[PDB]
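S.K.: Enclosed is the structure file entry-v2.pdb (PDB, C-alpha atoms).
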ATOM      1  CA  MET X   1       0.000   0.000   0.000  1.00  0.00           C
ATOM      2  CA  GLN X   2       0.997   3.636  -0.470  1.00  0.00           C
ATOM      3  CA  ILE X   3       1.295   6.074   2.421  1.00  0.00           C
ATOM      4  CA  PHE X   4       2.462   9.672   2.345  1.00  0.00           C
ATOM      5  CA  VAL X   5       4.982  11.403   4.602  1.00  0.00           C
ATOM      6  CA  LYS X   6       4.529  15.121   5.288  1.00  0.00           C
ATOM      7  CA  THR X   7       7.515  17.237   6.301  1.00  0.00           C
ATOM      8  CA  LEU X   8       7.435  20.484   8.254  1.00  0.00           C
ATOM      9  CA  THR X   9       8.335  22.421   5.097  1.00  0.00           C
ATOM     10  CA  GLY X  10       5.098  21.185   3.515  1.00  0.00           C
ATOM     11  CA  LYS X  11       6.806  18.632   1.276  1.00  0.00           C
ATOM     12  CA  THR X  12       5.053  15.320   0.618  1.00  0.00           C
ATOM     13  CA  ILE X  13       6.924  12.098  -0.152  1.00  0.00           C
ATOM     14  CA  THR X  14       5.512   8.666  -0.897  1.00  0.00           C
ATOM     15  CA  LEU X  15       6.356   5.190   0.342  1.00  0.00           C
ATOM     16  CA  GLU X  16       5.109   1.746  -0.597  1.00  0.00           C
ATOM     17  CA  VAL X  17       4.791  -0.224   2.642  1.00  0.00           C
ATOM     18  CA  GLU X  18       2.884  -3.139   4.140  1.00  0.00           C
ATOM     19  CA  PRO X  19       0.925  -3.441   7.401  1.00  0.00           C
ATOM     20  CA  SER X  20       3.653  -5.676   8.883  1.00  0.00           C
ATOM     21  CA  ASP X  21       6.349  -2.998   8.443  1.00  0.00           C
ATOM     22  CA  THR X  22       7.714  -1.794  11.758  1.00  0.00           C
ATOM     23  CA  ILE X  23       8.323   1.911  12.337  1.00  0.00           C
ATOM     24  CA  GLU X  24      12.100   1.417  12.197  1.00  0.00           C
ATOM     25  CA  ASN X  25      11.626  -0.204   8.776  1.00  0.00           C
ATOM     26  CA  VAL X  26       9.738   2.884   7.603  1.00  0.00           C
ATOM     27  CA  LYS X  27      12.492   5.085   9.044  1.00  0.00           C
ATOM     28  CA  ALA X  28      14.971   2.952   7.086  1.00  0.00           C
ATOM     29  CA  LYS X  29      13.056   3.569   3.853  1.00  0.00           C
ATOM     30  CA  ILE X  30      13.192   7.315   4.525  1.00  0.00           C
ATOM     31  CA  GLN X  31      16.944   7.021   5.121  1.00  0.00           C
ATOM     32  CA  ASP X  32      17.629   5.199   1.853  1.00  0.00           C
ATOM     33  CA  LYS X  33      15.204   7.444  -0.026  1.00  0.00           C
ATOM     34  CA  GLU X  34      16.155  10.798   1.515  1.00  0.00           C
ATOM     35  CA  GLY X  35      19.474  10.395   3.345  1.00  0.00           C
ATOM     36  CA  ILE X  36      18.231  11.060   6.902  1.00  0.00           C
ATOM     37  CA  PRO X  37      19.503   8.605   9.541  1.00  0.00           C
ATOM     38  CA  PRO X  38      16.739   7.144  11.738  1.00  0.00           C
ATOM     39  CA  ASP X  39      18.317   8.812  14.797  1.00  0.00           C
ATOM     40  CA  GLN X  40      17.060  12.136  13.410  1.00  0.00           C
ATOM     41  CA  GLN X  41      13.523  11.098  12.381  1.00  0.00           C
ATOM     42  CA  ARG X  42      10.339  11.368  14.416  1.00  0.00           C
ATOM     43  CA  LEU X  43       7.163   9.971  12.847  1.00  0.00           C
ATOM     44  CA  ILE X  44       3.742  11.200  13.989  1.00  0.00           C
ATOM     45  CA  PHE X  45       0.345   9.730  13.107  1.00  0.00           C
ATOM     46  CA  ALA X  46      -2.873  11.229  14.499  1.00  0.00           C
ATOM     47  CA  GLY X  47      -0.809  13.432  16.800  1.00  0.00           C
ATOM     48  CA  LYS X  48       1.054  10.496  18.388  1.00  0.00           C
ATOM     49  CA  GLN X  49       4.751   9.768  17.934  1.00  0.00           C
ATOM     50  CA  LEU X  50       5.173   6.262  16.530  1.00  0.00           C
ATOM     51  CA  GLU X  51       7.217   3.627  18.366  1.00  0.00           C
ATOM     52  CA  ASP X  52      10.026   1.911  16.439  1.00  0.00           C
ATOM     53  CA  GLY X  53       9.145  -1.696  17.320  1.00  0.00           C
ATOM     54  CA  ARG X  54       5.434  -1.443  16.513  1.00  0.00           C
ATOM     55  CA  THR X  55       4.026  -2.075  13.048  1.00  0.00           C
ATOM     56  CA  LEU X  56       2.007   0.234  10.820  1.00  0.00           C
ATOM     57  CA  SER X  57      -0.988  -2.062  11.354  1.00  0.00           C
ATOM     58  CA  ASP X  58      -0.641  -1.516  15.114  1.00  0.00           C
ATOM     59  CA  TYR X  59      -1.487   2.153  14.460  1.00  0.00           C
ATOM     60  CA  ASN X  60      -4.366   1.503  12.015  1.00  0.00           C
ATOM     61  CA  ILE X  61      -2.312   3.075   9.217  1.00  0.00           C
ATOM     62  CA  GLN X  62      -4.076   2.204   5.947  1.00  0.00           C
ATOM     63  CA  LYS X  63      -3.608   3.028   2.273  1.00  0.00           C
ATOM     64  CA  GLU X  64      -3.056   6.732   1.530  1.00  0.00           C
ATOM     65  CA  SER X  65      -2.529   7.418   5.236  1.00  0.00           C
ATOM     66  CA  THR X  66      -0.509  10.574   5.889  1.00  0.00           C
ATOM     67  CA  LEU X  67       2.272  10.517   8.469  1.00  0.00           C
ATOM     68  CA  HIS X  68       4.210  13.565   9.638  1.00  0.00           C
ATOM     69  CA  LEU X  69       8.015  13.514   9.591  1.00  0.00           C
ATOM     70  CA  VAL X  70       9.797  15.759  12.105  1.00  0.00           C
ATOM     71  CA  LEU X  71      13.578  16.114  12.023  1.00  0.00           C
ATOM     72  CA  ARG X  72      15.333  16.111  15.387  1.00  0.00           C
ATOM     73  CA  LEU X  73      18.878  15.965  16.647  1.00  0.00           C
ATOM     74  CA  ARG X  74      19.523  13.182  19.116  1.00  0.00           C
ATOM     75  CA  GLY X  75      19.805  13.571  22.855  1.00  0.00           C
ATOM     76  CA  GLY X  76      22.853  15.142  24.449  1.00  0.00           C
TER
ATOM     77  CA  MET Y   1       5.077   2.258  26.029  1.00  0.00           C
ATOM     78  CA  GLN Y   2       6.630   0.778  29.169  1.00  0.00           C
ATOM     79  CA  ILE Y   3      10.051   1.795  30.451  1.00  0.00           C
ATOM     80  CA  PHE Y   4      11.995   0.508  33.437  1.00  0.00           C
ATOM     81  CA  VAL Y   5      13.970   2.598  35.921  1.00  0.00           C
ATOM     82  CA  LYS Y   6      16.867   1.120  37.903  1.00  0.00           C
ATOM     83  CA  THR Y   7      18.089   2.662  41.165  1.00  0.00           C
ATOM     84  CA  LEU Y   8      21.434   2.412  42.940  1.00  0.00           C
ATOM     85  CA  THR Y   9      19.928  -0.252  45.234  1.00  0.00           C
ATOM     86  CA  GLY Y  10      19.045  -2.515  42.316  1.00  0.00           C
ATOM     87  CA  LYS Y  11      15.334  -1.729  42.582  1.00  0.00           C
ATOM     88  CA  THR Y  12      13.396  -1.629  39.310  1.00  0.00           C
ATOM     89  CA  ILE Y  13      10.315   0.539  38.897  1.00  0.00           C
ATOM     90  CA  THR Y  14       8.234   0.959  35.771  1.00  0.00           C
ATOM     91  CA  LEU Y  15       6.345   3.770  34.067  1.00  0.00           C
ATOM     92  CA  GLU Y  16       3.965   4.118  31.124  1.00  0.00           C
ATOM     93  CA  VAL Y  17       5.340   6.882  28.908  1.00  0.00           C
ATOM     94  CA  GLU Y  18       5.120   8.199  25.365  1.00  0.00           C
ATOM     95  CA  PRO Y  19       8.139   8.662  23.054  1.00  0.00           C
ATOM     96  CA  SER Y  20       7.386  12.399  23.104  1.00  0.00           C
ATOM     97  CA  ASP Y  21       7.371  12.566  26.910  1.00  0.00           C
ATOM     98  CA  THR Y  22      10.086  14.924  28.076  1.00  0.00           C
ATOM     99  CA  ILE Y  23      12.588  13.937  30.754  1.00  0.00           C
ATOM    100  CA  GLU Y  24      10.940  16.612  32.896  1.00  0.00           C
ATOM    101  CA  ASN Y  25       7.670  14.679  32.619  1.00  0.00           C
ATOM    102  CA  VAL Y  26       9.308  11.353  33.503  1.00  0.00           C
ATOM    103  CA  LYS Y  27      10.636  12.890  36.727  1.00  0.00           C
ATOM    104  CA  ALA Y  28       7.134  14.153  37.546  1.00  0.00           C
ATOM    105  CA  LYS Y  29       5.794  10.630  36.986  1.00  0.00           C
ATOM    106  CA  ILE Y  30       8.406   9.289  39.416  1.00  0.00           C
ATOM    107  CA  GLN Y  31       7.217  11.993  41.822  1.00  0.00           C
ATOM    108  CA  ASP Y  32       3.653  10.704  41.358  1.00  0.00           C
ATOM    109  CA  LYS Y  33       4.842   7.167  42.135  1.00  0.00           C
ATOM    110  CA  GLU Y  34       7.497   7.774  44.807  1.00  0.00           C
ATOM    111  CA  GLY Y  35       6.884  11.324  46.083  1.00  0.00           C
ATOM    112  CA  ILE Y  36      10.515  12.252  45.364  1.00  0.00           C
ATOM    113  CA  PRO Y  37      10.782  15.812  43.976  1.00  0.00           C
ATOM    114  CA  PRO Y  38      12.240  16.080  40.462  1.00  0.00           C
ATOM    115  CA  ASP Y  39      14.900  18.425  41.891  1.00  0.00           C
ATOM    116  CA  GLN Y  40      16.402  15.396  43.651  1.00  0.00           C
ATOM    117  CA  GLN Y  41      16.343  13.128  40.559  1.00  0.00           C
ATOM    118  CA  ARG Y  42      19.108  12.433  38.048  1.00  0.00           C
ATOM    119  CA  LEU Y  43      18.008  10.203  35.156  1.00  0.00           C
ATOM    120  CA  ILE Y  44      20.671   8.348  33.161  1.00  0.00           C
ATOM    121  CA  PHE Y  45      20.570   6.335  29.939  1.00  0.00           C
ATOM    122  CA  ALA Y  46      23.660   4.756  28.352  1.00  0.00           C
ATOM    123  CA  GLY Y  47      25.760   6.703  30.856  1.00  0.00           C
ATOM    124  CA  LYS Y  48      24.294  10.001  29.667  1.00  0.00           C
ATOM    125  CA  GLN Y  49      22.612  12.227  32.229  1.00  0.00           C
ATOM    126  CA  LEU Y  50      19.427  13.257  30.449  1.00  0.00           C
ATOM    127  CA  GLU Y  51      18.274  16.828  29.815  1.00  0.00           C
ATOM    128  CA  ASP Y  52      14.858  17.764  31.232  1.00  0.00           C
ATOM    129  CA  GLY Y  53      13.871  19.485  27.978  1.00  0.00           C
ATOM    130  CA  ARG Y  54      14.614  16.599  25.604  1.00  0.00           C
ATOM    131  CA  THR Y  55      12.220  13.746  24.857  1.00  0.00           C
ATOM    132  CA  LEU Y  56      12.735  10.042  25.457  1.00  0.00           C
ATOM    133  CA  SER Y  57      12.791   9.492  21.694  1.00  0.00           C
ATOM    134  CA  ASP Y  58      15.763  11.868  21.407  1.00  0.00           C
ATOM    135  CA  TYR Y  59      17.813   9.360  23.445  1.00  0.00           C
ATOM    136  CA  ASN Y  60      16.631   6.187  21.631  1.00  0.00           C
ATOM    137  CA  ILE Y  61      14.716   5.207  24.773  1.00  0.00           C
ATOM    138  CA  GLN Y  62      12.170   2.724  23.462  1.00  0.00           C
ATOM    139  CA  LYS Y  63       9.870  -0.154  24.437  1.00  0.00           C
ATOM    140  CA  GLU Y  64      11.142  -1.879  27.602  1.00  0.00           C
ATOM    141  CA  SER Y  65      14.249   0.305  27.813  1.00  0.00           C
ATOM    142  CA  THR Y  66      15.885   0.678  31.231  1.00  0.00           C
ATOM    143  CA  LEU Y  67      16.893   4.099  32.542  1.00  0.00           C
ATOM    144  CA  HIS Y  68      18.898   4.555  35.732  1.00  0.00           C
ATOM    145  CA  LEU Y  69      17.810   6.812  38.590  1.00  0.00           C
ATOM    146  CA  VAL Y  70      20.336   8.438  40.919  1.00  0.00           C
ATOM    147  CA  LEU Y  71      19.154  10.605  43.816  1.00  0.00           C
ATOM    148  CA  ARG Y  72      21.107  13.749  44.685  1.00  0.00           C
ATOM    149  CA  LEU Y  73      20.331  16.782  46.793  1.00  0.00           C
ATOM    150  CA  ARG Y  74      20.063  20.112  45.041  1.00  0.00           C
ATOM    151  CA  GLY Y  75      22.868  22.653  44.816  1.00  0.00           C
ATOM    152  CA  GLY Y  76      20.732  24.510  45.020  1.00  0.00           C
TER
END
Show me the file's structure as structure tokens.
M.R.:
Amino acid sequence: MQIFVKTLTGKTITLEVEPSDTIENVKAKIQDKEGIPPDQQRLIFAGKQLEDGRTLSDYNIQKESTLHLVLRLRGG
Amino acid sequence: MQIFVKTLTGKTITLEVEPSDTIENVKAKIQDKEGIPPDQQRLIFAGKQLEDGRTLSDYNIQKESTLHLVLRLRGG
């Protein structure tokens, strides 16, 4: 299925994923596709930050669901 | 998600947090559970002493991760 990722600049990117994909997998797609390491990605769906070890199906993410990508430096 | 907190006496407590919860909010939760003021709490993950203004996700604190709690009096 196809889901969209919205950035804070208003850009929209697309991914082909499956319900079984974990959030870290989706962050890995964004890394290969856009060059951002997962350490710097935060994914938000329905106002909730998504947990790496859970799947897209755990969050009821369906086809043409829109996630929000937020870029973040890691903790110091 | 569930996190674990380890003290200097080997005791393990647990909390139900969100990836976006700030370290300030985790200390308040420990205050809810143990009555210890946040001022007296130092939270540590991977040897790093965490910053109250960062989120758990900024430190790669995830499902069933174990933080360490050290108690210290304020400066203050």
S.K.: Go through the shown structure with the ChimeraX specification (/X :<10) & /Y and write out the matching residues as a ChimeraX atom specification.
M.R.: /Y:1,18-21,48-51,53-63
S.K.: To one decimal in Å, tell me the separation between CA of residue 29 (chain Y) and CA of residue 24 (chain X).
M.R.: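 Result for CA of residue 29 (chain Y) versus CA of residue 24 (chain X): 27.2 Å, one decimal.
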S.K.: So which residues are close to (13.1, 1.0, 32.2), meaning at most 7 Å away in the file's coordinates with only C-alpha atoms counted, and can you show them as a PyMOL selection string?
M.R.: chain Y and resi 3-6+14+64-67
S.K.: Generate the output file for the selected residues, C-alpha atoms, as a PDB file, in the coordinates of the input.
M.R.:
ATOM      1  CA  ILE Y   3      10.051   1.795  30.451  1.00  0.00           C
ATOM      2  CA  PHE Y   4      11.995   0.508  33.437  1.00  0.00           C
ATOM      3  CA  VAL Y   5      13.970   2.598  35.921  1.00  0.00           C
ATOM      4  CA  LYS Y   6      16.867   1.120  37.903  1.00  0.00           C
ATOM      5  CA  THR Y  14       8.234   0.959  35.771  1.00  0.00           C
ATOM      6  CA  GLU Y  64      11.142  -1.879  27.602  1.00  0.00           C
ATOM      7  CA  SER Y  65      14.249   0.305  27.813  1.00  0.00           C
ATOM      8  CA  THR Y  66      15.885   0.678  31.231  1.00  0.00           C
ATOM      9  CA  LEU Y  67      16.893   4.099  32.542  1.00  0.00           C
TER      10      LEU Y  67
END
S.K.: What are the centre and edge lengths in Å, to one decimal, of the axis-aligned box around all listed atoms of region 31-42 of chain Y with 4 Å added on each side, as JSON?
M.R.:
{"center_x": 11.4, "center_y": 12.8, "center_z": 42.1, "size_x": 23.5, "size_y": 19.3, "size_z": 16.0}
S.K.: Of the candidates X:25, X:7, X:31, X:12, which one gets nearest to residue 71 (chain X) if we count all atoms listed in the file?
M.R.: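 Smallest distance to residue 71 (chain X) is found for X:7.
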S.K.: Which distance in Å separates CA of residue 16 (chain Y) and CA of residue 34 (chain Y), to one decimal?
M.R.: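 According to the coordinates, CA of residue 16 (chain Y) and CA of residue 34 (chain Y) are separated by 14.6 Å.
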S.K.: What does the distance from CA of residue 28 (chain Y) to CA of residue 43 (chain Y) come to in Å, to one decimal?
M.R.: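 Computing it gives 11.8 Å between the two atoms.
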